[PDB]
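Scroll down for the structure; my scribbles are underneath it.
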Ligand SMILES: CCOC(=O)c1c(O)c2cc(Oc3ccc(N(CC)CC)cc3)cnc2n(O)c1=O
Ligand SMILES: [Mn+2]
Ligand SMILES: [Mn+2]
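Residue numbers (the entry's author numbering), protein chains in the order written: chain B, 6 to 64, 69 to 215, 231 to 356, 361 to 428; chain A, 0 to 64, 69 to 557.
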């Protein structure tokens with residue numbers, strides 16, 4: 006028997022256009038899906054199925074990735090406000106957190122017959138020489154948010170012994186990934202992870233290492249120079265004025281006092297010392313977390329990224345504009365797109381660890397450039413939501 | 000004409016909707032007769048079957064012109084039939100087909116009639132031939148095969164067509180069969196002997212599954228006219244283009260001209276269209292004569308010159324790389340060529356699109372690279388190696404300092420004037436010994452009136468009045484003033500993030516004349532530094548221009 010799944014009323018299944026793929030990626034998918042079919046995991050379908058979801062191939070063994078973002082929106086009630094997997098606060102505090110791909114667990118559990126038609130995907134052909142190769146799932150698919158919701162019961166069973174034997178180890182599940190955290194020495198951690206993999210192995214399952237306790241905020245940094253030009257104070261007041269909008273108790277009145285009359289930019293003006301009081305106290309406030317800002321479990325997370333040049337990228341996570349939950353950075361052949369997809373991934377996994385959900389990304393890139401290239405460097409099993417924006421010229425420099 | 004033995008495709012109505020029940024309109028005795036003759040014949044062939052008044056559904060029928072056609076208005080049924088997945092998400096492009104020694108063309112006669120309909124759906128296709136006037140009950144039929152004009156026929160026939168060819172494709176891997184609609188393109192690199200043989204082998208496999216095709220004496224000969232293309236076994240081109248020389252040109256004549264030209268641009272390099280397209284914008288009256296502008300005339304003349312002698316394209320070799328080349332043709336116009344062997348083009352093309360309000364040549368070049376990259380992937384399954392009229396250093400500089408993430412796959416410089424360059428660069432640091440212009444603008448929202456001006460550290464000053472203006476336009480005017488009255492080295496401080504933005508992106512063209520004026524000034528200068536301060540904060544010189552432009556405004 007299968008656990009019955011329905012959609013939100015008024016809205017039905019996904020009808021998303023499939024992105025054109027390169028020959029090598031098409032061949033890899035054809036092979037993957039041929040094998041997958043000979044094992045009853047998926048079945049060919051006829052044109053009576055109007056539904057469609059994009060499919061991609063990532064990486069030395071090619072693997073299938075299904076963009077279920079649309080299907081997940083249209084079944085959001087099921088995996089959240091119905092069968093939601095709770096989120097442990099301890100995970101962000103751990104010295105070490107290990108991520109394990111656990112999505113092979115889903116192939117064993119069959120999918121509700123009424124639902125299978127919504128998981129339809131097309132493998133496109135080059136130059137449209139044939140129509141696509143249409144398939145639908147018979148078992149829980151990787152990337153669908155309903156799969157971990159259903160498998161929960163089976164997953165608790167698997168982990169029960171290990172959980173009982175190690176009560177200071179956190180296991181959190183997000184989609185196809187299992188997040189395991191401990192405060193143990195790194196050698197012991199990796200031993201417990203090895204141990205855990207053995208437990209999964211007895212149910213036919215199968231790393232990449234994070235250190236969340238060593239995550240510090242990126243403070244908005246004020247210049248620390250001797251001899252200040254007019255332009256520098258103008259730069260300074262602008263940076264602080266915008267910081268007043270987010271940080272409670274930012275002061276600027278002493279800095280303005282210096283700039284009176286129409287002075288030249290290059291003209292050096294020797295400073296006071298009451299302004300140094302503001303410089304210091306603002307610096308003190310700029311390194312601390314923002315007072316008055318708290319994650320709201322009912323609102324979306326937004327992540328914004330700025331290109332800083334020389335392989336550097338700054339980013340901010342918030343729900344209400346400039347009310348920052350978290351700021352940070354990312355540094356580094362290597363290209364802009366590669367760097368951007370790597371930052372997106374880093375930020376997303378940080379967001380999963382901290383809040384239990386992916387942010388909606390605002391990407392400083394051309395929609396088309398991103399869409400043809402993002403897969404070439406993508407490694408994650410999930411895909412976050414993304415917009416395409418123009419970075420305001422000032423925001424960039426206010427984040428160093 | 001046989002009806003294929005293949006499995007039926009289950010069809011459903013849209014959730015909670017019943018079949019069509021539209022009344023049959025009273026027909027003339029002439030129309031009724033013709034419908035009866037058509038229908039009995041269609042019934043003999045198995046295409047339709049007789050039903051009684053136990054079937055509650057109905058769909059209207061009409062008859063139109069020696070010979071009559073039967074028409075069935077499936078509007079209501081189509082509005083009630085389930086949605087199907089798109090029959091095709093694109094037509095195959097000739098430039099993406101492999102070269103073949105021998106090639107022949109098959110077509111399926113009476114496509115939809117040759118393929119059965121889901122038994123449990125057949126009852127919804129019911130129609131009625133009415134009797135003379137009111138009188139007696141009409142003869143009631145229903146469809147057994149896919150009916151012409153029904154929503155699901157295109158998808159189901161194609162679906163069936165894949166299933167049928169699939170087994171044949173297996174034990175014939177070194178043969179390619181392209182199929183679109185009821186057309187079949189069969190190519191192989193075998194001799195005229197075992198080719199015509201293997202084709203008559205395919206025909207047999209087709210008729211075994213109720214699909215009828217023409218034999219050797221009937222099957223078509225190259226050049227194959229298809230979808231506006233001329234197709235040979237080793238080359239391809241577009242169908243002959245005729246540009247009619249006209250005493251006067253109406254909007255309609257111009258629209259058709261742009262269309263023919265756009266179509267031809269797939270293979271004829273250098274085709275231009277901008278001046279011709281310029282005439283159509285600011286749209287109205289279809290039959291009104293539009294007098295050609297002088298620019299349009301030499302564009303048209305240049306177009307006739309390219310279309311003077313015929314050009315063809317070649318096919319695709321998977322083992323060889325793709326080389327794409329792009330040239331700048333003029334403002335906003337870009338042209339490209341794709342080939343594998345130097346100057347034997349697979350296809351050509353053009354890019355023009357205006358992305359946003361203010362751009363520059365480097366931005367437009369990478370927009371063209373993206374568009375071509377996508378097209379190559381669709382057509383060939385791989386990206387091409389680019390050859391661009393931009394220096395590596397010029398590209399390096401732009402990419403490094405721009406806010407946007409950008410990428411171009413393997414590319415190389417090629418010296419084909421005009422070369423793509425930046426025309427000015429702003430300063431990183433404020434200039435020593437240059438006048439500092441503090442600029443500002445202000446506009447009233449009711450009167451629409453505005454003032455733009457500057458104050459400088461060298462005591463200088465100016466205010467100008469504007470009438471049909473906005474806050475943004477007064478900021479750009481302020482910066483423009485400062486450029487005119489400054490000389491070759493300037494620092495400018497503004498409180499407009501908007502104006503900062505436009506200028507920092509180093510545009511060289513714009514839809515705005517005012518911005519174009521700022522551009523021509525910027526290039527004339529030697530060193531420009533531009534900076535930003537917060538508005539209404541009582542800052543330095545900004546407070547002084549603030550009082551000026553506001554006077555009698557806000
Ligand atoms: C010579 C006089 O006959 C003609 O005027 C004439 C043709 O030569 C012709 C050739 C075709 O061959 C093709 C079949 C398939 C394709 N493709 C789609 C699968 C592209 C690979 C292309 C051409 C298809 N239709 C044709 N039609 O309709 C004609 O009226
Ligand atoms: Mn202003
Ligand atoms: Mn002002």
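Beta carbons: idealized from backbone N, C-alpha and C, even for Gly.
Can a CB atom of chain B be found closer than 8 Å to the CB of residue 390 of chain A?
Not an interface residue.
Counting Cβ pairs, one atom from each stretch, are 3 or more of them under 8 Å apart for the segment 151-164 of chain B and the segment 77-90 of chain B?
Because the criterion of three Cβ pairs below 8 Å is met, the segment 151-164 of chain B and the segment 77-90 of chain B touch.
From this set, A/473, A/359, A/26 and A/17, which residue's C-alpha is nearest residue 82 of chain A's C-alpha?
Answer by Cα proximity: A/17.
Answer with yes or no whether the minimum CB distance from residue 385 of chain A to chain B is below 8 Å.
Yes, because at least one Cβ of chain B sits closer than 8 Å to the Cβ of residue 385 of chain A.
Suppose you measure from the CA of residue 219 of chain A to the CA of residue 171 of chain A; what does that come to, to the nearest Å?
Straight-line Cα distance between these residues: approximately 20 Å.
Inspect the CB distances between the segment 93-106 of chain A and the segment 371-390 of chain A and report whether three or more fall short of 8 Å.
Yes: the two stretches touch, three or more of their Cβ pairs being nearer than 8 Å.
Could you tell me the alpha carbon to alpha carbon distance between residue 214 of chain B and residue 301 of chain B, rounded to whole angstroms?
Taking the straight line joining both Cα atoms gives about 59 Å.
Let me check understanding here. Comparing Cα to Cα, which of A/21, A/469, A/178 and A/435 lies closest to residue 531 of chain A?
The shortest C-alpha separation from residue 531 of chain A is found at A/435.
So who's on the other strand from residue 398 of chain A, going by DSSP bridges?
Paired residues: none, contrary to the question.
Am I right that residue 375 of chain A and residue 339 of chain A are in contact with their C-beta atoms under 8 Å? What's the rounded C-beta distance?
About 6 Å; that satisfies the 8 Å criterion.
In this structure, how does DSSP classify residue 251 of chain B when only helix, strand and coil are distinguished?
In this structure, residue 251 of chain B counts as coil in the three-state DSSP scheme.
Relative to ligand 3, is the shortest distance from any of its heavy atoms to the C-beta of residue 442 of chain A smaller than 7 Å?
Flag unset: Cβ of residue 442 of chain A not near ligand 3.
Compute the Euclidean distance between the alpha carbons of residue 198 of chain B and residue 381 of chain B, then round it to the nearest angstrom.
Whole-angstrom Cα-Cα distance: 18 Å.
Identify each residue in the segment 147-175 of chain B for which the Cβ-Cβ distance to at least one residue of chain A is less than 8 Å, and report them in chain order.
Under the 8 Å Cβ criterion, the segment 147-175 of chain B contributes no residue.
Quick one: does residue 443 of chain A have its CB under 8 Å from some CB of chain B?
Judged by the 8 Å Cβ criterion, residue 443 of chain A is not in contact with chain B.
What residue does the alpha helix (DSSP H) around residue 356 of chain B start on, and which one ends it?
Element bounds for residue 356 of chain B: n/a, residue is neither H nor E.
Count the other CB atoms, across all protein chains shown, that sit within 10 Å of the CB of residue 430 of chain B; report buried if there are 16 or more and exposed otherwise.
What the structure shows of chain B is the stretch from 6 to 428, and residue 430 of chain B is not part of that stretch, so it cannot be assessed.
Tell me whether the beta-carbon of residue 257 of chain B lies closer than 8 Å to the beta-carbon of residue 348 of chain B.
No, the pair does not count as a contact, with Cβ atoms beyond the cut-off.
With respect to the beta strand (DSSP E) encompassing residue 288 of chain A, which residues constitute its N-terminal and C-terminal limits?
Premise fails: residue 288 of chain A is in no beta strand (DSSP E) and is neither H nor E.
Using the beta-carbon count (16 or more within 10 Å), is residue 51 of chain B buried or exposed?
Under this definition residue 51 of chain B is a buried residue.
Given that a residue counts as buried once 16 or more other Cβ atoms are within 10 Å of its Cβ, and exposed if not, what is residue 137 of chain A?
That one is exposed.
Quick test of the definition: if touching needs 3 or more C-beta pairs under 8 Å, does the segment 354-363 of chain A touch the segment 92-108 of chain B?
Cβ pair count under 8 Å is below three, so no.
Rank B/203, B/252, B/59 and B/72 by C-alpha distance to the C-alpha of residue 32 of chain B and give the top, closest one.
When only C-alpha atoms are compared, the closest one is B/72.
In terms of residues, what are the limits of the beta strand (DSSP E) holding residue 240 of chain A?
Taken as a continuous stretch (DSSP letters only), the beta strand (DSSP E) holding residue 240 of chain A covers 239-241.
When you compare only the Cα positions, how much space is there between residue 160 of chain B and residue 115 of chain B?
Each residue's alpha carbon lies about 7 Å from the other.
How long is the line joining the alpha carbons of residue 467 of chain A and residue 418 of chain B, rounded to whole angstroms?
So the two alpha carbons sit approximately 32 Å from each other.
Would you grab the beta carbon distance between residue 67 of chain A and residue 289 of chain A for me? Rounded to a whole angstrom, and I think it's under 8 Å.
A gap in chain A, from 64 straight to 69, means residue 67 of chain A has no coordinates in the model shown.
How many Å lie between residue 168 of chain B and residue 231 of chain B at the Cα?
Spanning the two alpha carbons is a distance of roughly 18 Å.
Look at residue 105 of chain A and residue 209 of chain A and say whether their C-beta atoms are less than 8 Å apart.
Result no, Cβ atoms of residue 105 of chain A and residue 209 of chain A do not sit closer than 8 Å.
At a CB-CB cut-off below 9 Å, which residues of chain A make contact with residue 31 of chain B?
By Cβ distance, chain A contributes 384.
Does any heavy atom of ligand 1 sit closer than 7 Å to the C-beta of residue 95 of chain A?
True, at least one ligand heavy atom lies under 7 Å from that Cβ.
Could you tell me which uninterrupted beta strand (DSSP E) segments, each at least 3 residues in length, are contained entirely in the segment 316-387 of chain A, listed from first to last along the chain?
Counting only runs of 3 or more, we get 326-333, 336-344 and 347-354.
What residues from chain A crowd round residue 82 of chain B, counting only those whose CB sits closer than 8 Å?
Neighbours of residue 82 of chain B on chain A: none; closest Cβ ~19 Å, over 8 Å.
Tell me the DSSP secondary structure of residue 109 of chain B in three-state form.
In the structure shown, residue 109 of chain B sits in a strand (DSSP, three-state: E or B).
Any heavy atom of ligand 3 closer than 7 Å to the Cβ of residue 467 of chain A?
Residue 467 of chain A: no, Cβ never under 7 Å from ligand 3.
Under 7 Å: does the beta carbon of residue 188 of chain A sit that close to some heavy atom of ligand 1?
Yes; taking the cut-off as 7 Å, the Cβ of residue 188 of chain A has a heavy atom of ligand 1 nearer than that.
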